[PDB]
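The chain below stands alone and is given as structure tokens, in the form deposited in one PDB entry.
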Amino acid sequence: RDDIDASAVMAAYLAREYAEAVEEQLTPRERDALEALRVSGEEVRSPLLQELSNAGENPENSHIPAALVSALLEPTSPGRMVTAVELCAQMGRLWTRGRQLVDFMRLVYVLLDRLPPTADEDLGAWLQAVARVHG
């Protein structure tokens, strides 16, 4: 049990150091948005990928999340944008061991490369929508 998954340790380190750095700069309303994404993150977006990845410890099937993200961001809606983000976070929770890190990074890249310019406005719109409906 002295074996070290270098890829895993390095990814965890960099992810936390970047997460904490960004969080320190966020505005109060940006912080409210982050919490809302956490709350929405507990609603499983793809139970099929939850079960399939519950199995294992092909690469063709590791592409399904990226294809779904791209499909969600293709004439899109704020809801589909948040849904794409939440799907990525949820695959992150399953794709923790070293050899899966490659698939996870592609997934996030597909996400952030295919966002709309209206993302800043749409996320503000989504936040106020969920707040007004649930508040």
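Shifts are known only where both forms have a C-alpha. What we label the rigid core is the largest C-alpha set whose atoms superpose within 1.5 Å from one form to the other. Start at 1 and count along the sequence shown; that's the residue number.
The form deposited with a partner chain bound exists for this protein as well; it is not shown, and the discussion that follows is about that form.
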query: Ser62, heavy atom within 4.5 angstroms of its partner chain in the deposited bound form; finding: no
query: Shift of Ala89 between the shown form and the other one at or above 2 Å (CA, core fit); finding: no
query: CA of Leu68, rigid core aligned, shift of 2 Å or more between the shown form and the other one; finding: no
query: Comparison of CA distance in the deposited bound form with shown form for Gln50, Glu20, at least 3 Å; finding: farther
query: Cα separation of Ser46 and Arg114 in the deposited bound form versus here, shift of 3 Å or more; finding: farther
query: Shared-residue segments moving between the shown form and the other one, Cα shift 2 Å or more over 3+ consecutive positions, core-fitted; finding: 40-57, 61-63, 128-134
